[PDB]
Structures are given as C-alpha cells and as structure tokens.
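Written below as structure tokens is the structure these notes are about.
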Protein chains: 2
Amino acid sequence: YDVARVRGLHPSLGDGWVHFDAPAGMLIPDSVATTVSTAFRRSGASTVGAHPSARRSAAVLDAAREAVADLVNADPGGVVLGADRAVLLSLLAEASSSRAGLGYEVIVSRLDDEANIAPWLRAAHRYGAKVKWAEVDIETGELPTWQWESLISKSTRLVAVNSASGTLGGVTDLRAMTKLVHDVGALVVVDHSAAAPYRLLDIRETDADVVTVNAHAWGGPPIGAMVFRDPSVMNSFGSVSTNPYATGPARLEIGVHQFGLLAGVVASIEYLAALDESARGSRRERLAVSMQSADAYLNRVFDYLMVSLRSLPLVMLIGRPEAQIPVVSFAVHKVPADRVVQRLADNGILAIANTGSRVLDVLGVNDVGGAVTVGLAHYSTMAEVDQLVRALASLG
Amino acid sequence: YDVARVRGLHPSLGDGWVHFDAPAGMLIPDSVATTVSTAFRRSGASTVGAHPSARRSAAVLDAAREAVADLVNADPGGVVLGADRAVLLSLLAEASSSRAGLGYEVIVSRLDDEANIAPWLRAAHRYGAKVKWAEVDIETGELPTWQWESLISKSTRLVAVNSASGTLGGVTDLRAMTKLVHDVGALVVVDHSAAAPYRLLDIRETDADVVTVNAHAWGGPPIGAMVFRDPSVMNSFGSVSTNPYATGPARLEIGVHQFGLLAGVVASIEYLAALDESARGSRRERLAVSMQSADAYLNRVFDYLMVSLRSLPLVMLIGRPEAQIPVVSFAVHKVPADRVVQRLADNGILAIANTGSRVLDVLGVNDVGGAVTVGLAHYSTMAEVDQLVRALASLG
C-alpha cells in the first residue's frame, strides 16, 4: 500500500487542513469529481430516446448497478439507487408498513445511525407495531450477541441493524442474529454505510436480506444504494415508481435518475478497487485485494492513534471494541467536545463534535459535554496522527 | 426575445438534432453544467465544521432555497429540497397520515403526472380514505371548473392537482376550487412541474398550500422542491430529519443534501431570469419579465406548430384547451406512436412516445397505437417546426 500515491489522487489535500472528519464523509478523489463533471454535462434527460445522450444515460445507470453489485457481491438486478441511504431506508419502512402493524414487533439498534432508526420508529408509531431495542454493553459499547434470543419473538417482522458504528468504530457480530431472525420469517436490514469505506460486505455470506451503503462515505457522490440479496423479495414490496410499467429495481426508484452523480458512483467504486495499484482481476477481485491492502495500512495508523490517545492523561476513550473500523470517539476531562473541536480547528485540524447519537446518550457522554469523533481515510498518515495528538496534548 | 442568443447558451444545438422532447427534460445550459462541475468539487461533506468547503455547502443550500422561493414568490423558509418532486410528494403523502384515512376523501386529478397521484393512492390504501377523481372533459381535455362543487365535500381533507398537463398542455383553472377546498379545511397541493419552465406560479396570488417543481424540467439538475405557503402548515407535518435539532424546512429533509446539484438549481433559475437579457430589477422581478417575453415568443412558435399539425389530415390532436403551455399530444391515423417517433428520429427529430399517462388511457388513445408528445423549449424555432411538420407529412 502506497499512501503517497493515494494522496496524489486527492487535490483537496495539503490545503492547510488535516482531516480527521472521515465519518462525516471522505474527500472526493479527482477521478470522481472529473467523472461527475463530464457525465452531468453529457448525460441525457432520460434513458429513453434516439439521441446518443439517452444511450449514455442508460449505460451509466446499468454501470452503477453493476458497480454497487460488485461492492457487496450481489446481482445488479437487486440494486436500488437513490439520493441517500436515509431516503432509501425511509422508502423501505413505508413499503413495509404491514410489518410495522398491530401485533408485530420491529427491532432497532441503540448503536445505529438515526437514518436506520427513525423510519422504523416512525412506521411503528403510524401503524402500531411494538418497538424493541438491541442494547449496548455500557463498558464496551458493543451489541452483545447473547441478547438476540430474548429480543426476537414469533412477532418479530423487521430487524434493522448496522454492520459497524460510525461513532464508536465497533464492527457488529450479526451471525447469530441473522439465523434467529430468519427462523421467524423476519426481514434483516443491514446498514453497511459506516463500514463500507473500509470493509467489504459479502451479501451472500452474511445472508442479510437488504444492505444499504452511502457513496458519500468513501468520497463518492451523494448517492445511496439499497441492495436486495434476493431480487424476488422486491416484488413483494409495492411499487413506488411513477412508471406504471416499471420492472426490477426500477419499481423502487422514485423520480428522475441522477445520471451525472451515478457516473461518479462508478468512478468512486473504481477508486476503491484501485487503492492497491498492483491489484489484478475482475473488479470484485481487485476490490478484495485493494481493500485488504488499505485495511492493513490503516490498522497500523489506527494502532498508533489509539496508543497515542491512551497515553494522553486527559483523554477518555468511549467504548472498546473487539474488531474495528478506524473510527474512535473520546472526551477530554473538563473540556467539552465543542471546545476540543474548536481548539483543533485553530490548529488546522478537523474533527467532529458528535451531536445526536443515541449510544452516546446511553453511555452518559452527552451529559458531561459530548464526544469528539475522529476517523481515518485512505489518505491518512502517521504524520497527521502525530499532529492531532500534539494538539490534544495542549488542552486542559 | 432573442432565440439566437438563447440557442448560444446550448453548445450542442445546430449539430443536426432537433429537440421537441422538452416534456422529458430540456437541455442543460452550459452555465448550469459548469456550476455543477465546480460546486461538486468544492462543496464539503456537510454544512458543519471549520473548513471553507462547509461554508460553501451551507451557502449553496441557502441560495437554492432563495432561488426556488423567487420562482414561486414564496419565502425561502417554506422551501423543502430533495431529489425530485416525486420523492417530496411521496414524503408529503406519508406525513399526511390520517388525512388520507377512513371517514375522509382524497381528490386526485386525471390530468396529473403519476408523481402527484401514486403517493396519494398508496396513502389511501394504508389509512382508508375514499379516493375521488377530478375528471377531464373528453372533448377539450380540460378539468372543468364546475365539477369541484360536487367533488368537494365536508369530508375532503387532501386535494392534489396540477397547474398544467405535461401531456396535453392544458392550463388548469384553480381559482374557484381553491376557495372551496379551504372552505372545508382541506389542503391544496399543486404540482407545477410541467408548467414551471414556461409560466410563473405566484403562491401568494393562487393560495395553494403546497407547490412542487422539478428543476430537470427546465434544464436544471435533477432536484425537486416542495414549497409551503405557510411555514406554520409546514411544521404541522411530522419531522423526518435524522437531526433532532432540525428547524424549518430542514425538518422535512432526509439524507445528505446534494450540494453540487443544488448550486446548479440556482444557476438554472438564473438562466430562466435572464431569458430576456434586458430584464431589470430583482431576480424575482426579472423572472416575471423574462418568462413573459419567452412565453410571448413560444406562443407564436407553438401557434405555428398547432396550425401546421391541424393541416395534416392524418394528425389527430388530443384535447383543445382554452389555455395551453407549449406541449401537445397527438395520434397519427392508423400509425402507432413508436413508428411516428422512429420516422422523426430518422430525420434527426426527437419526440416522445408517451407512456404511462392516465389521461391518455382514460380517453382511449392508448387502446391501440398510443400517442406522441412534443414540447417546445426556449431554444425552439420556426425552422425546427417546419422540419417536424415535413417529417410527419411523410407518413401515410
């Protein structure tokens, strides 16, 4: 893995800011920005018509489904594209109104992003299902595997969970959960958005019924995708398309496709596939090699960060996960998160003052003064971590 | 009005292709494409944080609200932005909850786009309201004003209607009906998306509660807006934001805003305001002048198109409205629409084989063969009309 090369892909780097704000969205690689620029200009209004631009649009749409399918090892026929994972989850929750009806139960996770909590709560409130919560362990921040047996009942119809936390960094163990949920005929919805920049999810191996990703997370355009493991499951969902003759994933797509952005999605996934310049094979094969190489490198950088954070006397790490993406939240003794973030900003360092996380509420963190969240990207270096730690050391 | 100047804003024109496919989306002006290119590259992940890119995203978001507000003479505090009018209308229908419930009536219009029909039907099934239809006059294609008094009852809670048809071109007289709707405490939702490229809707003058538009229609990026006349009505809907600290239109917005496209929206409305390059005053004032001037020109070109089509015995125009935007649908005697559209394409002319129209279905036009839809754009010329007419004359 050659971080110097990857940094070369990012014109927005070296501009006076050190980016530890990855969890809010990584920087846009030049290849993505240039693709969106040309595709927006050259893509037809519609996939229909005799003009070359219409065929370009049709081509972009197909390429985007194929690229997302490669990312999660699915079939393109199961890839639904929309503006954001949050919009797609909202659409799914509405399409699943019967599952959120009187007598049923819907499980959501205290560890999830609001995007994969709010619409399920909203559906339950509107239609009558009981909400059950998967809870975290207070002195680890993880979703313990042993709780799923008591949570899941014959009434369970929908389970919404994340593959990892974009606040605490912990990767969730869903293996037991998935079996139990399937045992009662419930739908398993996995939000892979926080982890997708770092880890490949194999929808065939994990057995999730639906997986969501958000391209914005890895420096792609703001486009989300909702991938069904079994495309047959989509015709169980009522159509929302304004085209009464729609078939396949188009049935779950509302409004004009955003072809310029979709072209950027393809390019952003190609960026992931090319992180290791030596990677050879199909796109899926190259993603595997490149993501592992990047993972190895980020593991080293993150270890240095974590050792450094532990060494800072006033820094209080929130949670401690067994497996991780390179994202960590912490508080500084008698220095509220907003002040930490402002101090960092004064030193040209960008971090996140984590605002509306349920898990942070639960851990009692937003009751002292909040948490600071930092995350690594593929262009992050050891020198940047040293700068962050020295800046944190300067605080009271 | 100077059509030569407007055509200069569209680099592809003059290459042989003749565009009469405006209803599917007009050509994207060069200025709009350039704006999206730069804004996409420069806009930050979110509106929060110390980086200049965050200020940029915040500024474009605010500017998009102001531009849309100018377009319909509203307040930016009532402007909700999203991927498409169809997504926003789906969200609205969902948030209307029991207003679409058993005991009440929802009115939809036979002349409407499926975007402003489907979500209301879906909501009616979920909650139980009786769906009633405003029907067209089978000769003129218009929604007669006299039908409203019997359609609207004390039980009416929601009325979804268009300002004009993007298939038949007829402009809908909503003056009397709006009064009647307000009289029973119902909401009026007006989809202005078909007419927006051509005529201004004044939300203060018309008294519509909610108005939707789609920037793609006039060659802007694929972004929709939903505008509330009264911010108080707006917050009586349930918040769907993943931000619990959302205020104003942000309460009704799901997902990361698409800042690059939002900048394009602003540019596209500036394009509309500058159609008459010599218009003076505020953007709001200039929109009025430029749209009036452009409509005056397009009315003459459309009149020429219409008399020409009426002179071809095989061409059968559908409807005959008192007021019309420059959009028309026609069948060709014993020639299917697909064959008409192909003959046109062979002469480098782009028209639409109309699909999915409830009005064309109800009129019997689609029973065999179907119809062709053509629409003018601000760059359309008399010479292009001649080319269309000659190609149609070659049939039979």
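Just so we're on the same page: first chain in the structure tokens is A, next is B, and so on; residues restart at 1 for each chain, and ligands are numbered from 1 in the order they show up.
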
Pull out every residue of chain A sitting within 8 Å of chain B, counting only C-alpha atoms, and send them as a JSON list (two decimals) with N, CA and C atoms, in the first residue's frame.
[["chain", "number", "residue", "atom", "x", "y", "z"],
["A", 17, "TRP", "N", -5.49, 22.11, 5.98],
["A", 17, "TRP", "CA", -6.30, 21.32, 6.92],
["A", 17, "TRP", "C", -5.88, 19.85, 6.98],
["A", 24, "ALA", "N", -17.92, 11.90, 8.70],
["A", 24, "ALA", "CA", -18.86, 12.81, 8.06],
["A", 24, "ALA", "C", -18.85, 12.72, 6.52],
["A", 25, "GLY", "N", -17.89, 11.98, 5.97],
["A", 25, "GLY", "CA", -17.70, 11.87, 4.52],
["A", 25, "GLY", "C", -16.25, 12.16, 4.16],
["A", 26, "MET", "N", -15.64, 11.27, 3.39],
["A", 26, "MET", "CA", -14.23, 11.43, 2.99],
["A", 26, "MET", "C", -14.11, 12.41, 1.83],
["A", 27, "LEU", "N", -12.89, 12.85, 1.55],
["A", 27, "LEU", "CA", -12.63, 13.77, 0.45],
["A", 27, "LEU", "C", -12.94, 13.12, -0.89],
["A", 28, "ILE", "N", -13.33, 13.93, -1.88],
["A", 28, "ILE", "CA", -13.68, 13.44, -3.20],
["A", 28, "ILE", "C", -12.41, 13.33, -4.06],
["A", 33, "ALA", "N", -14.60, 13.56, -9.11],
["A", 33, "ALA", "CA", -15.06, 14.92, -9.45],
["A", 33, "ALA", "C", -15.06, 15.12, -10.96],
["A", 34, "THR", "N", -14.01, 14.65, -11.63],
["A", 34, "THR", "CA", -13.92, 14.79, -13.09],
["A", 34, "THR", "C", -14.99, 13.98, -13.83],
["A", 36, "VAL", "N", -18.02, 13.15, -12.58],
["A", 36, "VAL", "CA", -19.31, 13.83, -12.38],
["A", 36, "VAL", "C", -19.42, 15.05, -13.32],
["A", 37, "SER", "N", -18.33, 15.80, -13.44],
["A", 37, "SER", "CA", -18.31, 16.99, -14.29],
["A", 37, "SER", "C", -18.70, 16.66, -15.73],
["A", 38, "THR", "N", -18.08, 15.62, -16.29],
["A", 38, "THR", "CA", -18.32, 15.27, -17.68],
["A", 38, "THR", "C", -19.65, 14.54, -17.89],
["A", 40, "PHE", "N", -22.43, 14.79, -15.98],
["A", 40, "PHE", "CA", -23.57, 15.68, -15.79],
["A", 40, "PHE", "C", -23.84, 16.44, -17.10],
["A", 41, "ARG", "N", -22.76, 16.88, -17.73],
["A", 41, "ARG", "CA", -22.83, 17.61, -18.99],
["A", 41, "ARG", "C", -23.35, 16.73, -20.13],
["A", 45, "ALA", "N", -31.45, 13.60, -20.58],
["A", 45, "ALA", "CA", -32.54, 13.76, -19.64],
["A", 45, "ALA", "C", -33.10, 12.43, -19.16],
["A", 46, "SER", "N", -33.12, 11.44, -20.05],
["A", 46, "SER", "CA", -33.80, 10.16, -19.81],
["A", 46, "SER", "C", -33.02, 9.04, -20.48],
["A", 49, "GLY", "N", -34.96, 7.32, -25.75],
["A", 49, "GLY", "CA", -34.84, 8.23, -26.91],
["A", 49, "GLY", "C", -33.69, 7.90, -27.84],
["A", 50, "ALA", "N", -33.73, 8.50, -29.03],
["A", 50, "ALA", "CA", -32.78, 8.19, -30.09],
["A", 50, "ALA", "C", -31.44, 8.94, -29.99],
["A", 51, "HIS", "N", -31.40, 10.02, -29.21],
["A", 51, "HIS", "CA", -30.18, 10.81, -29.10],
["A", 51, "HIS", "C", -29.11, 10.01, -28.35],
["A", 83, "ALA", "N", -31.12, 8.85, -3.53],
["A", 83, "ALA", "CA", -30.34, 10.02, -3.17],
["A", 83, "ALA", "C", -29.45, 9.77, -1.96],
["A", 84, "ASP", "N", -29.87, 8.87, -1.09],
["A", 84, "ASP", "CA", -29.16, 8.66, 0.16],
["A", 84, "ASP", "C", -29.72, 7.42, 0.78],
["A", 85, "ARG", "N", -28.89, 6.75, 1.58],
["A", 85, "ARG", "CA", -29.33, 5.58, 2.34],
["A", 85, "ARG", "C", -30.52, 5.91, 3.24],
["A", 86, "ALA", "N", -30.54, 7.13, 3.78],
["A", 86, "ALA", "CA", -31.63, 7.55, 4.69],
["A", 86, "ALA", "C", -32.98, 7.60, 3.97],
["A", 87, "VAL", "N", -32.96, 8.07, 2.72],
["A", 87, "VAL", "CA", -34.15, 8.14, 1.88],
["A", 87, "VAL", "C", -34.60, 6.73, 1.51],
["A", 94, "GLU", "N", -41.72, 2.54, 4.80],
["A", 94, "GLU", "CA", -43.07, 2.78, 4.27],
["A", 94, "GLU", "C", -43.58, 1.59, 3.45],
["A", 97, "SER", "N", -45.00, -1.19, 5.67],
["A", 97, "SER", "CA", -45.99, -0.75, 6.65],
["A", 97, "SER", "C", -46.75, -1.92, 7.29],
["A", 114, "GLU", "N", -29.13, 7.42, 13.21],
["A", 114, "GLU", "CA", -30.57, 7.72, 13.17],
["A", 114, "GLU", "C", -31.24, 7.34, 11.86],
["A", 115, "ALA", "N", -30.48, 7.37, 10.76],
["A", 115, "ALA", "CA", -31.00, 7.02, 9.44],
["A", 115, "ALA", "C", -31.66, 5.64, 9.42],
["A", 118, "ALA", "N", -34.85, 6.10, 12.92],
["A", 118, "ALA", "CA", -36.00, 6.98, 12.71],
["A", 118, "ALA", "C", -37.15, 6.43, 11.86],
["A", 119, "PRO", "N", -36.87, 5.90, 10.64],
["A", 119, "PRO", "CA", -38.02, 5.48, 9.83],
["A", 119, "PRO", "C", -38.78, 4.27, 10.36],
["A", 126, "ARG", "N", -46.88, 5.02, 13.38],
["A", 126, "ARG", "CA", -48.01, 5.20, 12.46],
["A", 126, "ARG", "C", -48.91, 3.97, 12.36],
["A", 216, "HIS", "N", -21.21, 8.74, -0.58],
["A", 216, "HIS", "CA", -20.65, 9.92, 0.11],
["A", 216, "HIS", "C", -19.61, 9.51, 1.19],
["A", 222, "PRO", "N", -23.11, 12.06, -3.45],
["A", 222, "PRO", "CA", -24.20, 11.76, -2.52],
["A", 222, "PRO", "C", -25.29, 10.91, -3.21],
["A", 240, "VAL", "N", -43.24, 1.90, -6.05],
["A", 240, "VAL", "CA", -43.36, 3.35, -5.78],
["A", 240, "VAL", "C", -42.99, 4.20, -7.00],
["A", 242, "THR", "N", -43.06, 6.12, -10.59],
["A", 242, "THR", "CA", -44.07, 6.86, -11.34],
["A", 242, "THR", "C", -44.30, 6.25, -12.73],
["A", 243, "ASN", "N", -43.51, 5.22, -13.05],
["A", 243, "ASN", "CA", -43.69, 4.44, -14.27],
["A", 243, "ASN", "C", -44.49, 3.19, -13.95],
["A", 244, "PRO", "N", -45.77, 3.15, -14.36],
["A", 244, "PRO", "CA", -46.64, 2.02, -14.04],
["A", 244, "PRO", "C", -46.18, 0.69, -14.64],
["A", 245, "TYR", "N", -45.28, 0.76, -15.63],
["A", 245, "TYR", "CA", -44.76, -0.42, -16.30],
["A", 245, "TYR", "C", -43.34, -0.80, -15.87],
["A", 254, "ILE", "N", -37.99, 6.25, -7.28],
["A", 254, "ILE", "CA", -38.95, 7.34, -7.43],
["A", 254, "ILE", "C", -38.25, 8.57, -8.01],
["A", 255, "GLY", "N", -38.75, 9.08, -9.12],
["A", 255, "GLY", "CA", -38.17, 10.32, -9.65],
["A", 255, "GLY", "C", -37.04, 10.08, -10.64],
["A", 256, "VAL", "N", -36.57, 11.15, -11.25],
["A", 256, "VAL", "CA", -35.58, 11.09, -12.33],
["A", 256, "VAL", "C", -34.24, 10.59, -11.78],
["A", 257, "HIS", "N", -33.60, 9.67, -12.50],
["A", 257, "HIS", "CA", -32.29, 9.22, -12.05],
["A", 257, "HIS", "C", -31.26, 10.32, -12.24],
["A", 258, "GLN", "N", -30.31, 10.38, -11.32],
["A", 258, "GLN", "CA", -29.35, 11.47, -11.32],
["A", 258, "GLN", "C", -28.07, 11.00, -12.01],
["A", 345, "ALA", "N", -9.56, 23.02, 15.38],
["A", 345, "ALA", "CA", -9.77, 23.87, 14.21],
["A", 345, "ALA", "C", -8.78, 25.03, 14.17],
["A", 350, "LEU", "N", -9.31, 19.04, 11.61],
["A", 350, "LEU", "CA", -10.76, 18.87, 11.54],
["A", 350, "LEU", "C", -11.23, 17.59, 12.22],
["A", 352, "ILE", "N", -14.90, 15.91, 14.58],
["A", 352, "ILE", "CA", -16.36, 16.07, 14.67],
["A", 352, "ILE", "C", -16.81, 16.19, 16.13],
["A", 356, "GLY", "N", -25.93, 14.05, 17.78],
["A", 356, "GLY", "CA", -27.17, 13.34, 18.06],
["A", 356, "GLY", "C", -27.07, 11.84, 17.93]]

DSSP strand (DSSP E or B) residues within region 86-122 of chain B, as a PyMOL selection string: chain B and resi 101+105-109

Output of the above residues as a short mmCIF file (atom, residue, chain, number, x, y, z; two decimals), in the first residue's frame, restricted to N, CA, C and O atoms:
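The resulting part_39.cif:
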data_model
loop_
_atom_site.label_atom_id
_atom_site.label_comp_id
_atom_site.auth_asym_id
_atom_site.auth_seq_id
_atom_site.Cartn_x
_atom_site.Cartn_y
_atom_site.Cartn_z
N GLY B 101 -57.27 9.05 5.64
CA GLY B 101 -57.87 7.97 6.41
C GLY B 101 -59.36 7.74 6.20
O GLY B 101 -60.07 8.60 5.66
N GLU B 105 -62.06 11.92 2.36
CA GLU B 105 -61.93 11.80 0.92
C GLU B 105 -60.66 12.52 0.51
O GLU B 105 -60.31 13.56 1.08
N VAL B 106 -59.95 11.90 -0.43
CA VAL B 106 -58.78 12.48 -1.06
C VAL B 106 -59.14 12.66 -2.53
O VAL B 106 -59.70 11.75 -3.15
N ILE B 107 -58.85 13.83 -3.09
CA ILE B 107 -59.09 14.10 -4.50
C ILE B 107 -57.78 14.15 -5.27
O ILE B 107 -56.84 14.88 -4.88
N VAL B 108 -57.71 13.36 -6.34
CA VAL B 108 -56.58 13.39 -7.27
C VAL B 108 -57.12 13.78 -8.64
O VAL B 108 -58.34 13.77 -8.85
N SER B 109 -56.24 14.11 -9.57
CA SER B 109 -56.70 14.59 -10.87
C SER B 109 -56.30 13.66 -12.02
O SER B 109 -55.15 13.22 -12.09
#

Can you check which residues of region 296-336 of chain B DSSP gives as alpha helix (DSSP H) on the backbone and send them as a list in words?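 Assigned to alpha helix (DSSP H), within region 296-336 of chain B: residues 296, 297, 298, 299, 300, 301, 302, 303, 304, 305, 306, 307, 308, 309 and 310 of chain B.
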
Pick from A:168, A:189, A:161, A:215, whichever lies nearest to residue 329 (chain A) using only C-alpha atoms: A:168

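Residue nearest residue 11 (chain B), chosen from B:96, B:379, B:335, B:135 and counting only C-alpha atoms: B:379.
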
Find the residues near residue 301 (chain A): any atom within 8 Å, counting only C-alpha atoms, skip ones fewer than 6 places away on the same chain, and give them as a compact mmCIF listing (two decimals) with N, CA, C and O atoms, in the first residue's frame.
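Dumped everything to part25.txt:
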# COMPACT_ATOMS: atom_id res chain seq x y z
N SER A 380 -4.89 9.03 5.00
CA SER A 380 -4.41 9.43 6.33
C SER A 380 -3.00 8.90 6.59
O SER A 380 -2.66 7.79 6.17
N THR A 381 -2.19 9.69 7.30
CA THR A 381 -0.79 9.29 7.54
C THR A 381 -0.43 9.33 9.01
O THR A 381 -1.13 9.93 9.82
N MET A 382 0.70 8.70 9.34
CA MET A 382 1.26 8.78 10.68
C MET A 382 1.58 10.23 11.10
O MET A 382 1.36 10.60 12.25
N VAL A 385 -1.50 11.92 12.39
CA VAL A 385 -1.84 11.45 13.74
C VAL A 385 -0.98 12.17 14.79
O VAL A 385 -1.49 12.70 15.78

What gap, in Å, lies between CA of residue 20 (chain B) and CA of residue 298 (chain B)? 12.6 Å

Test item: residues at most 10 Å from residue 272 (chain A), only C-alpha atoms, excluding those fewer than 5 positions along its chain, as a list in words: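 Non-adjacent residues within range: residues 71, 197, 198, 218, 219, 220, 267, 283, 286, 287, 288, 290, 291, 294 and 378 of chain A.
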
CA of residue 164 (chain A) to CA of residue 195 (chain A): how many Å, to one decimal?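 Calculated distance between CA of residue 164 (chain A) and CA of residue 195 (chain A) is 5.8 Å.
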
At a cut-off of 12 Å, using only C-alpha atoms, what residues contact residue 210 (chain A)? Leave out same-chain residues fewer than 3 positions from it and give the result as JSON, numbers by chain. {"A": [72, 74, 78, 79, 80, 85, 88, 89, 92, 93, 158, 159, 160, 161, 162, 163, 178, 186, 187, 188, 189, 190, 191, 192, 201, 202, 203, 204, 206, 207, 213, 225, 226, 227, 228, 229, 230, 231, 233, 234]}

Name all residues at most 12 Å from residue 365 (chain A) (count only C-alpha atoms; drop same-chain ones fewer than 3 positions away) and give them as a PyMOL selection string. chain A and resi 138+141+316-319+329-333+336-337+353-362+368-372

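Nearest-residue note for residue 284 (chain B): choosing from B:68, B:196, B:99, B:152, the minimum distance belongs to B:68, counting only C-alpha atoms.
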